[PDB]
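Comments concern the structure below.
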Amino acid sequence: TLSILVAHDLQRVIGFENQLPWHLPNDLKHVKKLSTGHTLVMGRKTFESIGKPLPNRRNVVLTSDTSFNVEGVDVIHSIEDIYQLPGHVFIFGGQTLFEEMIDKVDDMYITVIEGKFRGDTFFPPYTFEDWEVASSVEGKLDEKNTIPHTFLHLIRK
Ligand SMILES: NC(=O)c1ccc[n+]([C@@H]2O[C@H](COP(=O)([O-])OP(=O)(O)OC[C@H]3O[C@@H](n4cnc5c(N)ncnc54)[C@H](OP(=O)(O)O)[C@@H]3O)[C@@H](O)[C@H]2O)c1
Ligand SMILES: Cc1cc2nc(-c3nccs3)n(-c3ccc4c(N)nc(N)nc4c3)c2cc1C
């Protein structure tokens, strides 16, 4: 299975200045739970943003940099390489990867951040005419998680 994982706001903002625009611990927990024991494919900028591979999953970084060789990280240099990765593969970001992969993935696990943030990077437009809502679950709010959010699982029709 090839899936997208993304958090985007009401206007599809995903990032600002190479970081998340929001602080939402529950989204990180969501991502950790979904991808544990599986594979994440991410662009170079997303990797550098996180700073280190995420433990207990295969971390794959897509880059043109032939000098890229980081401990605990597997490198690929082509989109085509993604299709040779075994198991459940999650497209992890960022904008460039999402733009390249949205027409190719089987499904998407989206956290809709129900606010309007300043962004410099976006998830591409998509329509529910193409995507069946497998599930929609409202995120629970508390003092650590104060922005309304909804977890969608969308499957390509
Ligand atoms: N909200 C979310 O769900 C989420 C998740 C992840 C990231 N983000 C955000 O997304 C933003 C980053 O997105 P971005 O588009 O600027 O960067 P990105 O997608 O993370 O990385 C782009 C880089 O990936 C490499 N790349 C992409 N396609 C390639 C290809 N076909 N062949 C070879 N290399 C390829 C290139 O690296 P080289 O230049 O080294 O060749 C390119 O510069 C940040 O703000 C981050 O916080 C948000
Ligand atoms: C510990 C931890 C740190 C993280 N930092 C990020 C960043 N995303 C963008 C810049 S840094 N993220 C990410 C990365 C990619 C993500 C993605 N593709 N979808 C969703 N919904 N959340 C993400 C969150 C982290 C996730 C975890 C579990």
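In the structure tokens, each chain is lettered A, B, ... as it comes, each chain's residues begin at 1, and ligands are numbered from 1 in order of appearance.
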Original post:
as an MDAnalysis selection string, which residues of chain A does DSSP assign to helix (DSSP H, G or I)?
Top reply: chainID A and resid 25:35 44:50 79:84 95:101
Those residues with C-alpha atoms, as a PDB file, in the first residue's frame please?
```pdb
ATOM      1  CA  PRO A  25       0.927  16.995  20.025  1.00  0.00           C
ATOM      2  CA  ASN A  26      -2.014  14.715  19.119  1.00  0.00           C
ATOM      3  CA  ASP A  27      -1.206  14.926  15.372  1.00  0.00           C
ATOM      4  CA  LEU A  28       2.360  13.777  16.033  1.00  0.00           C
ATOM      5  CA  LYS A  29       0.937  10.921  18.131  1.00  0.00           C
ATOM      6  CA  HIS A  30      -1.469  10.070  15.269  1.00  0.00           C
ATOM      7  CA  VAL A  31       1.432   9.970  12.788  1.00  0.00           C
ATOM      8  CA  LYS A  32       3.572   7.879  15.139  1.00  0.00           C
ATOM      9  CA  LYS A  33       0.749   5.365  15.670  1.00  0.00           C
ATOM     10  CA  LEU A  34      -0.060   4.992  11.949  1.00  0.00           C
ATOM     11  CA  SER A  35       3.504   4.586  10.676  1.00  0.00           C
ATOM     12  CA  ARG A  44      15.168  16.445   1.821  1.00  0.00           C
ATOM     13  CA  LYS A  45      13.781  19.630   3.400  1.00  0.00           C
ATOM     14  CA  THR A  46      11.287  17.717   5.559  1.00  0.00           C
ATOM     15  CA  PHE A  47      14.099  15.470   6.739  1.00  0.00           C
ATOM     16  CA  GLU A  48      16.338  18.392   7.696  1.00  0.00           C
ATOM     17  CA  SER A  49      13.354  19.974   9.520  1.00  0.00           C
ATOM     18  CA  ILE A  50      12.905  16.879  11.704  1.00  0.00           C
ATOM     19  CA  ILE A  79      10.289   9.091  -7.515  1.00  0.00           C
ATOM     20  CA  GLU A  80      10.456   5.748  -9.335  1.00  0.00           C
ATOM     21  CA  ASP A  81      12.509   4.287  -6.448  1.00  0.00           C
ATOM     22  CA  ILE A  82       9.448   4.624  -4.162  1.00  0.00           C
ATOM     23  CA  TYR A  83       7.639   1.809  -5.987  1.00  0.00           C
ATOM     24  CA  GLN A  84      10.475  -0.637  -5.163  1.00  0.00           C
ATOM     25  CA  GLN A  95       4.856  20.055  -0.525  1.00  0.00           C
ATOM     26  CA  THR A  96       7.021  18.825  -3.381  1.00  0.00           C
ATOM     27  CA  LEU A  97       6.541  15.144  -2.485  1.00  0.00           C
ATOM     28  CA  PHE A  98       2.784  15.586  -2.012  1.00  0.00           C
ATOM     29  CA  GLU A  99       2.486  17.313  -5.402  1.00  0.00           C
ATOM     30  CA  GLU A 100       4.437  14.486  -7.032  1.00  0.00           C
ATOM     31  CA  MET A 101       2.510  11.668  -5.330  1.00  0.00           C
TER      32      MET A 101
END
```
**OP:** Write out as a ChimeraX atom specification all residues of stretch 25-156 of chain A that DSSP puts in strand (DSSP E or B) for this structure's backbone.
**Re:** /A:39-43,58-62,74-76,89-93,107-113,121-122,131-138,149-156
Generate the output file for the selected residues, N, CA and C atoms, as a tab-separated table (two decimals), in the first residue's frame.
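Once written, part31.tsv looks like this:
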```
chain	number	residue	atom	x	y	z
A	39	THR	N	7.08	2.33	6.59
A	39	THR	CA	8.09	3.12	5.88
A	39	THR	C	7.59	4.54	5.61
A	40	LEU	N	8.44	5.52	5.91
A	40	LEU	CA	8.19	6.92	5.58
A	40	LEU	C	9.12	7.35	4.47
A	41	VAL	N	8.55	7.97	3.43
A	41	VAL	CA	9.33	8.61	2.37
A	41	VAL	C	9.13	10.11	2.49
A	42	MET	N	10.23	10.84	2.58
A	42	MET	CA	10.14	12.29	2.73
A	42	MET	C	11.15	13.01	1.85
A	43	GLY	N	10.83	14.25	1.48
A	43	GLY	CA	11.78	15.09	0.77
A	43	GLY	C	12.92	15.52	1.69
A	58	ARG	N	11.13	2.60	8.94
A	58	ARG	CA	12.12	2.86	7.92
A	58	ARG	C	11.97	4.29	7.42
A	59	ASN	N	13.06	5.05	7.52
A	59	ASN	CA	13.10	6.44	7.05
A	59	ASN	C	13.81	6.52	5.70
A	60	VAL	N	13.06	6.91	4.67
A	60	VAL	CA	13.61	7.07	3.33
A	60	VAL	C	13.57	8.54	2.93
A	61	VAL	N	14.71	9.06	2.48
A	61	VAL	CA	14.80	10.46	2.08
A	61	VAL	C	15.06	10.58	0.58
A	62	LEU	N	14.22	11.36	-0.08
A	62	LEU	CA	14.37	11.65	-1.50
A	62	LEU	C	15.13	12.95	-1.70
A	74	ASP	N	17.69	5.69	4.79
A	74	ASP	CA	17.91	5.19	3.44
A	74	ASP	C	17.63	6.31	2.44
A	75	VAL	N	18.48	6.43	1.43
A	75	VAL	CA	18.34	7.50	0.45
A	75	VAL	C	17.86	6.97	-0.90
A	76	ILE	N	17.00	7.74	-1.56
A	76	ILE	CA	16.61	7.49	-2.94
A	76	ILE	C	16.76	8.78	-3.75
A	89	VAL	N	4.01	1.89	2.58
A	89	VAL	CA	4.83	3.08	2.41
A	89	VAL	C	3.96	4.32	2.58
A	90	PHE	N	4.40	5.23	3.45
A	90	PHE	CA	3.71	6.50	3.68
A	90	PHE	C	4.50	7.65	3.09
A	91	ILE	N	3.85	8.43	2.23
A	91	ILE	CA	4.45	9.67	1.74
A	91	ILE	C	4.28	10.71	2.83
A	92	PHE	N	5.42	11.22	3.33
A	92	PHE	CA	5.50	11.95	4.59
A	92	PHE	C	5.66	13.46	4.42
A	93	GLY	N	5.82	13.90	3.17
A	93	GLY	CA	6.01	15.32	2.85
A	93	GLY	C	7.35	15.61	2.20
A	107	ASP	N	-4.46	5.88	-0.95
A	107	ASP	CA	-5.28	6.53	0.07
A	107	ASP	C	-4.49	7.63	0.76
A	108	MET	N	-5.20	8.39	1.58
A	108	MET	CA	-4.62	9.50	2.32
A	108	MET	C	-5.15	9.51	3.75
A	109	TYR	N	-4.24	9.69	4.70
A	109	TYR	CA	-4.60	9.91	6.09
A	109	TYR	C	-4.32	11.38	6.35
A	110	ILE	N	-5.39	12.16	6.42
A	110	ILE	CA	-5.28	13.61	6.57
A	110	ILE	C	-5.75	14.05	7.95
A	111	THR	N	-4.95	14.89	8.60
A	111	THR	CA	-5.40	15.62	9.76
A	111	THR	C	-5.79	17.02	9.28
A	112	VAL	N	-7.09	17.29	9.27
A	112	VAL	CA	-7.56	18.63	8.91
A	112	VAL	C	-7.46	19.50	10.15
A	113	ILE	N	-6.58	20.49	10.08
A	113	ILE	CA	-6.40	21.46	11.15
A	113	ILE	C	-7.44	22.55	10.89
A	121	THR	N	3.91	26.85	2.29
A	121	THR	CA	3.83	25.58	1.57
A	121	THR	C	2.44	24.97	1.76
A	122	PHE	N	1.96	24.28	0.73
A	122	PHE	CA	0.57	23.84	0.67
A	122	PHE	C	0.42	22.41	0.19
A	131	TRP	N	-12.47	10.90	-3.91
A	131	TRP	CA	-12.05	10.27	-2.65
A	131	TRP	C	-13.23	9.90	-1.77
A	132	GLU	N	-13.31	8.63	-1.40
A	132	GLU	CA	-14.32	8.16	-0.46
A	132	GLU	C	-13.85	8.36	0.97
A	133	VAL	N	-14.75	8.84	1.83
A	133	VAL	CA	-14.40	9.05	3.23
A	133	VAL	C	-14.54	7.71	3.97
A	134	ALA	N	-13.42	7.02	4.14
A	134	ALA	CA	-13.39	5.75	4.86
A	134	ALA	C	-13.70	5.97	6.34
A	135	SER	N	-13.19	7.08	6.89
A	135	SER	CA	-13.50	7.47	8.26
A	135	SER	C	-13.24	8.95	8.46
A	136	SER	N	-13.96	9.53	9.41
A	136	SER	CA	-13.78	10.91	9.83
A	136	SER	C	-14.00	10.95	11.33
A	137	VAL	N	-12.96	11.35	12.06
A	137	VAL	CA	-12.96	11.29	13.52
A	137	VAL	C	-12.51	12.63	14.08
A	138	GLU	N	-13.36	13.24	14.88
A	138	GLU	CA	-13.01	14.52	15.49
A	138	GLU	C	-11.94	14.33	16.56
A	149	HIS	N	-9.41	19.75	15.24
A	149	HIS	CA	-8.85	18.98	14.14
A	149	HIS	C	-9.67	17.73	13.91
A	150	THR	N	-9.61	17.23	12.68
A	150	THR	CA	-10.36	16.03	12.29
A	150	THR	C	-9.43	15.09	11.54
A	151	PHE	N	-9.44	13.82	11.93
A	151	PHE	CA	-8.67	12.79	11.24
A	151	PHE	C	-9.55	12.16	10.16
A	152	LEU	N	-9.16	12.36	8.90
A	152	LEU	CA	-9.81	11.76	7.74
A	152	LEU	C	-8.97	10.63	7.18
A	153	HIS	N	-9.63	9.53	6.83
A	153	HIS	CA	-9.02	8.52	5.99
A	153	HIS	C	-9.79	8.49	4.68
A	154	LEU	N	-9.11	8.88	3.60
A	154	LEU	CA	-9.70	8.97	2.27
A	154	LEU	C	-9.13	7.90	1.38
A	155	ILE	N	-10.00	7.22	0.64
A	155	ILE	CA	-9.58	6.16	-0.28
A	155	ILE	C	-10.00	6.54	-1.69
A	156	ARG	N	-9.07	6.43	-2.64
A	156	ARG	CA	-9.34	6.83	-4.02
A	156	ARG	C	-10.48	5.99	-4.59
```
Original post:
To one decimal place, how far is atom CA of residue A:127 from atom 42 (C, counted along the ligand's line) of ligand 1 in Å?
Top reply: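 Rounded to one decimal, the two atoms are 26.0 Å apart.
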**OP:** Would you kindly return, as number ranges by chain, each protein, DNA or RNA residue with an atom no farther than 6 Å from any atom of stretch 10-16 of chain A, considering only C-alpha atoms and excluding same-chain residues fewer than 4 positions away?
**Re:** A: 20-21, 114-116, 119-123
**OP:** Mind checking which residues fall within 12 Å of residue A:143, counting only C-alpha atoms, ignoring those fewer than 2 positions away in the same chain, and posting them as a ChimeraX atom specification?
**Re:** /A:23-26,140-141,145-148
**OP:** Take atom CA of residue A:102 and atom CA of residue A:6 and report the distance between them in Å, one decimal.
**Re:**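 If I compute the distance from atom CA of residue A:102 to atom CA of residue A:6, I get 11.0 Å.
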**OP:** Identify which of the residues A:52, A:1, A:88, A:9 lies closest to ligand 1, counting only C-alpha atoms and all ligand atoms when measuring atom-to-atom distances.
**Re:**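 Residue with the minimum atom-to-atom distance to ligand 1: A:9.
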**OP:** Check the smallest atom-to-atom distance from each of A:128, A:22, A:117, A:68 to ligand 2 using only C-alpha atoms and all ligand atoms, then report the winner.
**Re:** A:22
**OP:** Please indicate the distance in Å from atom 20 (O, counted along the ligand's line) of ligand 1 to atom CA of residue A:3, rounded to one decimal place.
**Re:** 16.2 Å
**OP:** Rank nothing, just name the residue among A:78, A:130, A:86, A:71 nearest to ligand 1, using only C-alpha atoms and all ligand atoms.
**Re:** A:78
Original post:
Pick the closest to ligand 1 from A:94, A:87, A:139, A:55: which is it, counting only C-alpha atoms and all ligand atoms?
Top reply: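 Among A:94, A:87, A:139, A:55, it is A:94 that comes nearest to ligand 1.
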Subject >> Counting only C-alpha atoms and all ligand atoms, the residue of A:56, A:66, A:77, A:4 that sits nearest ligand 1 >> reply: A:77
